[PDB]
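All remarks here apply to the structure that follows.
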Amino acid sequence: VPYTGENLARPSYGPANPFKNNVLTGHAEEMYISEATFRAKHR
Amino acid sequence: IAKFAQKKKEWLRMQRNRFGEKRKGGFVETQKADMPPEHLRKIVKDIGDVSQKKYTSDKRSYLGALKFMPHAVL
Amino acid sequence: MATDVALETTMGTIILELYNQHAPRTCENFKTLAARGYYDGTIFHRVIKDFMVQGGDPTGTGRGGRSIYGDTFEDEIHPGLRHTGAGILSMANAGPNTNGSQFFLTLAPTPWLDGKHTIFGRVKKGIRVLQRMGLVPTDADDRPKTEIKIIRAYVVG
Amino acid sequence: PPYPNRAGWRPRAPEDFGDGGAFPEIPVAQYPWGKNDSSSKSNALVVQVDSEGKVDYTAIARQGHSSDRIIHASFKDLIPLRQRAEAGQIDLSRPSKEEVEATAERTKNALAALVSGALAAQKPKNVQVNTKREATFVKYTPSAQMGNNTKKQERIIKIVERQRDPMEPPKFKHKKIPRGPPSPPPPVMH
Amino acid sequence: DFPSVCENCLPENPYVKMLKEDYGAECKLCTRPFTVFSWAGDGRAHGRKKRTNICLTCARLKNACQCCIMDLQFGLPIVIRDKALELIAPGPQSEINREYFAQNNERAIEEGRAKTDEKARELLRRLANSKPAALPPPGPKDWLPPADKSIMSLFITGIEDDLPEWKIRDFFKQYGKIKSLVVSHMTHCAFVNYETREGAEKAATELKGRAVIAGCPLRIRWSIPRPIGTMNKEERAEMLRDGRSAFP
Amino acid sequence: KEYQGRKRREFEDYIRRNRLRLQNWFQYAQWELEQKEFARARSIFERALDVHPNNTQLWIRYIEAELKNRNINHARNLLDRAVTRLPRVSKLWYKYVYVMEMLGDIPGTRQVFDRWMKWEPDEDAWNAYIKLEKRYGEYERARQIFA
Amino acid sequence: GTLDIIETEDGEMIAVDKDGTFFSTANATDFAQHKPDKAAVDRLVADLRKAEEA
Amino acid sequence: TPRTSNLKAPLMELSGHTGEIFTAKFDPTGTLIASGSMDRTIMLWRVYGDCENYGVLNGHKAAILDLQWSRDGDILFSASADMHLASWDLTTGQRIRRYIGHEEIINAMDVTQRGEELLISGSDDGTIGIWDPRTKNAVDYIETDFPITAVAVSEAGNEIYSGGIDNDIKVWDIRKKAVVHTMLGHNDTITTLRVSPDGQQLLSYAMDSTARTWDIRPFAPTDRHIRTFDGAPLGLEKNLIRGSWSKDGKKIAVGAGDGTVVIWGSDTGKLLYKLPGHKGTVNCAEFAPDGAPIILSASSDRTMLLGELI
Amino acid sequence: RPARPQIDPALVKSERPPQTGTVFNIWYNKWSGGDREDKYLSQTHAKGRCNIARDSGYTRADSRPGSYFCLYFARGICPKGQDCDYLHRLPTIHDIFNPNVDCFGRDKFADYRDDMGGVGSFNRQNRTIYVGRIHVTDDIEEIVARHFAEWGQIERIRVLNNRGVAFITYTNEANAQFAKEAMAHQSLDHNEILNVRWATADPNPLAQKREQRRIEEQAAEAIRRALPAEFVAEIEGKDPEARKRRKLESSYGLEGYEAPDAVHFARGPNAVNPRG
Ligand SMILES: [Zn+2]
Ligand SMILES: [Zn+2]
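Protein chains in written order, with this note's numbering: chain A, 1 to 43; chain B, 44 to 117; chain C, 118 to 274; chain D, 275 to 464; chain E, 465 to 712; chain F, 713 to 859; chain G, 860 to 913; chain H, 914 to 1223; chain I, 1224 to 1499.
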C-alpha cells in the first residue's frame, strides 16, 4: 500500500525549508554484492 | 562477430571467473603446505634468548604462548 | 470582497480574511472545503519557526490533499500580492500549477515565494494563536511532537 | 481599512495590524507582533508552549532525558486517574497472548545475545580466531568534504576482521574511573 | 560499525579494502580502547595502513575526521578551529578527567540523551576584516663603502615585529650570497654577513642605505658586527624612529 | 596555584572519604567562591546535587551563592530547577517569590506565584499571594485569588 | 497591540488585556528578558550581605 | 489495509541460503517453492501451512543458475555452472540424473510443459541444448556463435526464443534447427525471456534497464515491439534478472539492482508497484501461478521475500 | 642524484647499551641493579650530521608518492642511501602534514612529554624549537642564524644570551620537527651537547597576540576556501559594491526586508539564494 505507484508518484507539498546521514561523513548502508564483482571492479 | 567479439570475450572472462569451480569463495584455494625445517631453525636461532631490542613486538606473543606450553610438553 | 473563515484549533481560534477579488478560485475552494468540513480534526503537519505553519492535509503526511476541482488547479500569481509578513495565507504546492488542499501560512516575511505561491488571504484575528502555534516543539522532519489540529473550520459572512 | 481599498494605507504598529495579519497588497515588510532583531547565541532554553498554548516548564523537568522517558512533573499526575476530567473509561486489561509472545520473543532475543556475551566472557574460547572470517560490504554514499561541496563518487567498502595472532595477551591495562553522575533526577511528587 | 573517515584520508580507489579490529588501539584523545579500521593506501608506501586514530565518540564530540583528526567542516586542526571559533566547545585532558568525560558522554549519547557554526565563522571574518630632534637622512658617508674591506656586515634599521627572515633572506639572496643573517625583532635590528665582498658592495651600492621590503622602509649601511644586547627601551625606540625616518 | 592545588586536594580527599557529608561539599564550594572560581564552585555544587538531589539546604546554598555574586540569571535558572525538583517544599517557593519581589519584577513575582498555585499549596501560600496583591493595590486580583 | 484602550457609555479609559500577560509574566513568551535594575540587584545583594553578617 | 491471502503474514522472509539466490520458482499448483543458489544448493519450501523448509537438494558442483518444475511437481530440473543440467525426484529428494554435453556455463533453461515434456538450455558455448528428460545425452543442440543468456519455449512447443550477448531476440524453429526471425531493439544482453500465460506476448528484460513486451501471435507488423517498460535500473552486478507475468497476465514484474521488485501493468504501461526489501540485486521475481496476488522476490541477499499484493 | 650513504652498517650494527647495572633486563632492554644519577647527567654527543648538498638525494620514497622523510637521514645516521624507503630531503613549504603524524611518520600525541622532548602534540600547532646548553659567547646569534638557516626557513629567531638559549620559530611545522631531530645532541662552532626541545607557549603578550592572529588568519583562509567568493564579499562588506549587492539580494524584492543571515547564506542546491 505505501509502495503503490500512485503513492510513490505523489510528492510532498509545501515550500522547502530555507534554513539523513547515519555516519558523520556520509551515508553507509549494508550491501550484498558478489565477491567477484568487488574483485573485478577493484582490479 | 567483429562488433561483439570483445563483449563476448569479457562476458566469457567474467562469467568464468565468477562461476568457475576453482573460485567458489572468490579466490583460488590451496592446501596448507609444509615449510622447510631450515625456516623454523633460522627463526629460533635468530630470536635466541629474547634479548635484542628487535624482538619486542614478538615479546608480547612469546610470553603469551606460555599459556599453551602445557600442550607442547604433552 | 473579503470572507471570514473560522478555524477553531486546539490553541485558540483563527479568523481568516479571504481575498475574493484577487484569488477567487482558490478562495472559494477554501470556502467549500471548510463548509463541507474537510478540515475538521485536521492537523498542522509542519511547523517551522520563523518560517511557516502548514496544514489542511487530511492524511497528516504532506502528500495528500484533495481539492474541489478534481485533483489540482492552476496558480494565481496576482502581481500585487506578496509574502510581506507574518500570518499570510497561501496555497502549499508541490510545484507550479499544483494547488490542492494544503494551506501554507507565513509566520514571517518570506519574499522568495513570490511567483510560485498564491496568496489568498490573511488572519484578521488570532495572530497570537498563530504565534504560539509557531512556538510549539517539533522533530527533525518539522512535525509537531505536541499535536495541533483544526478542531472545526467553518465560514462567516 | 477594509478589503480591498487599503491602497495608500501603510501600517506602523501592531495597533495598526489590529489583531494581527500582514497585508499582502502593501509592498513593505510587515511585523504583526514586532520585529525580531537577532538572537546573539544565548545559551537559554527555547521557550515552548504546550498543547493548548501556555508556557511550559516541563522542559526543565525533562532536560537531559530521552523523549520517551515517563516523567511525572505536574499536579495532574497526583490526581487519581478515575477523577482526571480527560478520561471516562480506563482499560485495565493485561496484554493478550500475541502481545505477550511478541514481548517474550523480543526480550528473549536481547537477553540471549547478552547470555552469549557473558558466556564468551566467562569462558574465553581457547584460541580467539574465527574460521568464518567472511567480508561485509558497505555501500557508502559520502557527504561533501571538509572544505569542498562538490559531489564525489559512491563507495563500496569491503570490511574484514583482522587476523590477530592467537598467542597474544590483551593489549591494554584496565583503569579505574569513577562512575558517572546519574540521569537527571525526577521531580519529587510528594 | 563504520568509520567516520573523510574522502582525502580514504583511498582514491572507490572500492575500499578495510581491516577491522575490535579493541585495536587506544584513542589518542580519551585513551580508551576502540575498534580500529585500517586501509592500505594508494601507492604501496612502506609505512603502515592508514587507520582511525580516535574513537567515534571523540570524533562526534570534536566533529573531527577519525584518521586525520581535522575538523569535518573546514579542514582545520581541531585546536585551530576551536581556538579561532572558540564558541563551539572546550575539552578536558587531565588523566581520569578525560576518561570520565568520554565515558559519560558516550553513555549519554548511546542511551539517547545528550549547522551550528555558520554564525561563528561569519563573525570571525567580520572580526578579521576589522583591521588592527628629527634624525637626518643617510648621507654620502652612509652609502659610500668604507676602505676597510674587513668590515663585511651590513646593518638594517627599524624592523617591525611582523618582518620575517625568509623574505629578508630571499631578497638579499637574489642580490648576493649570504653567509648569515641575524634579525632581532625585540630591538628592531639586523646584521647581514655576506659571502662575497663584491656582492655585498654592489648590493649596498644598489640600495644606498634605503630598502623597500614588503611595505617596510629599512635603512641599510655598513657597521661592525656587534652582539645585540638588552638595549634600552629608549634605544629601541630611537632605533624604530631611525628606521621610520630613513624615508622622508 | 601551589596553595590552591593543595587545598583542592584536601577537599577532594574528604569528598572521596565521605561524599554524604554536606559540610565537605559546602566548605569546598565556599572556598572556591572565595577564590572567585565561579565555574569551579558551580561544578562542586552540581556534583553535590548529584549526590543529594533533593536537599533543600544544598539548593538554597547554591542559589544564594549565585545571588550573592550577582549572577541573577544563573540564580533564576537554579530557582526554576529547584521548584521543579521539589514542588512541595514551600521554602523554595517562598525564596523564589521573595527574590523576584526584591528584583522588582512584580509580574515575575505573579508568575512564580501562579505556578505555585497550580501546584495547589497550603493556605499560607494562598494568603501570601493575596497579601502581595493587597500590597500593590489590586483588590480585584486578590478577590480572584479568594475565589 | 496586547492592550485595547476602549471607552464605554460613560466615556472613560478602560484598558483590556487581550491575552492575560499584562500583570504576570506567566503565559508571556518574553518572560526571560526582564533584565532587573542595577539598584534592585544591589538591594537584594545588600539584603543577603546583611543576613550573612547577622 | 486488508487481508488478501492465506499466509501467516502479508510479507514473510525466507532465509537459510549461504550465498546469492540466483533463482526461485513456484510449483505449478503454487504451494511449493524451489530456490537455487550459489552455495550450490536447492532449498524446497512450503508457502502455506506456516512456512517450512522441507527439502535440500545437493549435488551440483557450482552455482544453481536456473531451475524449473515438471508439469505436475514431482521432478525438478536445474541448470548449473558446473556445465550440467540435473533432474531431481522430489518424493525421495534424490538426483534422478545429470544431463551432460554443454561446454560452458549454462545460463538459462526452460521446460516444455504441454504436449510432451522437454528441456531447453542456453549456454555460453553458444549452444541451445534440446534434452529429453530420460537420456543423459542431448537430443539436439542449436549451434550459434554467441553466448546465450535467456531461453524460452513457445506454447506451440517447437519455437525457441533465445537472447544472449548479441542483444537480439532470435526466434528459432526446432525441427529446422534454424532461425525464423530476430526481434531487434534491445541494446544490452537479454537477461529474461518469458511468454505470457495466454501466450500472445513476450516479456524480455535486458541489461539496458528496459523491460520490453513483444508480440508473439503470427499475424503482427514488421516492428513486433509492443511496449518498453522502465523503472528498474540494472545495478553494478551483471546478473541475469528474471521477471514474470501475472497469472491473469495484466501485471508484469522484474527485479532491480537497488533491491526493488518493480511491477507494471502490461496492458497500460504504468508503474503499479516499486516494492523494496532487498539489500542486493533482486535476481528473480515470480508471481504466484494459482492466481493469488502473491509475489516472490529472490535477491543476492541470501534470502527471499514472499508478500501479498493488497 | 642518488642518495648517498652517510655511514656504514659495520658501525650501524645493533648491540646493547654499555653496562650500567648488575643484570640486563631483556623485557625492557635496560640495565638493572645500578643507580639513577648516572642516567640523569649522561647525554652524549651525536654520532653524525647530514648535509643538504652532499647527502640529500633521491630514493624509493621519491619514487613512491605520499611517503615520509627519513628520521635517520635527519639525524645523519642513515647508512641506507638510495635503498631507504623514506625521503632524504628537507621539506619545502609545500610539504604539509596532518595533525596526527609528524614529518617522519611518527605519531603525534594529545600531550607533551614533561621535558618537552619527542614527537610533539596535535593539541598545539607548535613551530618553535628551544635550543639550550649553548656556550655563551658574542657570536652566538650569528652561529645560530647560520646553522638554523641551513636547517630550514625561519619566521622568527629569538636567542637569549643570559642562559644561552635560542628559540627558533620556523614557518613550517615539518621544518621545525626536522630541525629538532637534526639539531638534538649536535654542536655549534664549539663542542657542545645541544638540548633541542619543543618550546613552551610564549608568555610575551605580543607573541600571544601574533599567535592568536595567525590562528584566525589560517582559520579564515579555510573559511574563504569553503565559502564562495561572493558570499565572502557580501559578508566581509569592506567595499560598497558588495555592500549594495548585499542589501539588494537580502531584500529579494520588498523594500526594507534585510533577510536573516541564515536564510541568505544557507547553502544548498535549491534553498533560497541563486548563489548555491
Ligand atoms: Zn576517544
Ligand atoms: Zn581525514
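Backbone N, C-alpha and C define an ideal beta-carbon position, used for all residues, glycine too.
Spatial distance of residue i from residue j (CA atoms)
i                 : j                 : result
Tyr1335 (chain I) : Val1419 (chain I) : 14 Å
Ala654 (chain E)  : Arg685 (chain E)  : 11 Å
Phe1454 (chain I) : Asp1484 (chain I) : 11 Å
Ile1078 (chain H) : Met1096 (chain H) : 14 Å
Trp503 (chain E)  : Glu574 (chain E)  : 27 Å
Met1339 (chain I) : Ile1380 (chain I) : 19 Å
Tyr32 (chain A)   : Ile431 (chain D)  : 11 Å
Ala152 (chain C)  : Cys522 (chain E)  : 57 Å
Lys595 (chain E)  : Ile1438 (chain I) : 15 Å
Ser950 (chain H)  : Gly68 (chain B)   : 14 Å
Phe757 (chain F)  : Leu734 (chain F)  : 10 Å
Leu252 (chain C)  : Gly1178 (chain H) : 47 Å
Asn400 (chain D)  : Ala994 (chain H)  : 40 Å
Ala975 (chain H)  : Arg66 (chain B)   : 10 Å
Listed by chain order, chain I residues near residue i by CB distance under 7 Å
i                : result
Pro261 (chain C) : Ordered by position in chain I, no residue passes the 7 Å Cβ test against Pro261 (chain C), which lies about 21 Å from the chain.
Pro18 (chain A)  : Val1486, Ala1489, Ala1494 and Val1495
Residues that residue i contacts on chain A, provided the C-beta gap is smaller than 9 Å
i                : result
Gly107 (chain B) : Within chain A, no residue comes near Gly107 (chain B); the closest Cβ sits about 33 Å away, beyond 9 Å.
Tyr277 (chain D) : The premise fails here: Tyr277 (chain D) is roughly 25 Å from chain A at the closest Cβ pair, so nothing lies under 9 Å.
Chain D contact residues for residue i, given Cβ-Cβ distances below 9 Å
i                     : result
residue 813 (chain G) : Since the first residue of chain G shown is 860 and the last is 913, residue 813 (chain G) is not available in this structure.
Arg800 (chain F)      : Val462, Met463 and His464
Beta-ladder partner(s) of residue i, from DSSP
i                      : result
residue 1169 (chain I) : Residue 1169 (chain I) lies beyond the range of chain I shown here (1224 to 1499); nothing can be said about it.
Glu134 (chain C)       : C:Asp121 and C:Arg239
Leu1031 (chain H)      : H:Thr1025
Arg1008 (chain H)      : H:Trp1001
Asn1496 (chain I)      : DSSP, once it has assigned bridges, lists no residue as partnering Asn1496 (chain I).
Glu372 (chain D)       : In DSSP, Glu372 (chain D) forms no bridge with anything.
Distance between beta carbons of residue j and residue i, contact taken as under 8 Å
i                 : j                 : result
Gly640 (chain E)  : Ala611 (chain E)  : Their Cβ separation, rounded to whole angstroms, is 20 Å, which puts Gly640 (chain E) and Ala611 (chain E) out of contact at 8 Å.
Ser184 (chain C)  : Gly238 (chain C)  : At roughly 16 Å, the Cβ-Cβ gap does not stay under 8 Å, so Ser184 (chain C) and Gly238 (chain C) are not in contact.
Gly603 (chain E)  : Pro681 (chain E)  : Their Cβ separation, rounded to whole angstroms, is 17 Å, which puts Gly603 (chain E) and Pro681 (chain E) out of contact at 8 Å.
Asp985 (chain H)  : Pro941 (chain H)  : 7 Å
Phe1345 (chain I) : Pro1314 (chain I) : Not confirmed; about 18 Å, so no contact.
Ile934 (chain H)  : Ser1212 (chain H) : 6 Å
Neighbour list for residue i in chain E, Cβ cutoff strictly below 9 Å
i                 : result
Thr1394 (chain I) : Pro628 and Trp630
Contacts that residue i makes with chain E (C-beta to C-beta distance below 8 Å)
i                 : result
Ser340 (chain D)  : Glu575, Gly576 and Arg577
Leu1429 (chain I) : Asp625
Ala28 (chain A)   : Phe466
Within chain D, the residues that residue i reaches when beta carbons sit closer than 7 Å
i                 : result
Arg1448 (chain I) : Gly421
Chain-ordered neighbours of residue i on chain A, where CB pairs are closer than 8 Å
i                : result
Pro398 (chain D) : The premise fails here: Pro398 (chain D) is roughly 29 Å from chain A at the closest Cβ pair, so nothing lies under 8 Å.
Listed by chain order, chain C residues near residue i by CB distance under 7 Å
i               : result
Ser34 (chain A) : Result: empty, since nearest Cβ-Cβ is about 36 Å, beyond 7 Å.
For this session: Collect the residues with a C-beta less than 6 Å away from any heavy atom of ligand 1 and give them in sequence order along the chain.
Result: Cβ atoms closer than 6 Å to ligand 1 belong to E:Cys491, E:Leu493, E:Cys494, E:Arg496, E:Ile518, E:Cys519, E:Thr521, E:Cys522 and E:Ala566.
Exercise. Whose beta carbon lies closer than 5 Å to any heavy atom of ligand 2, going through the chain in order?
Worked result: Output, sorted by chain position: E:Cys470, E:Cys473, E:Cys529, E:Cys531 and E:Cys532.
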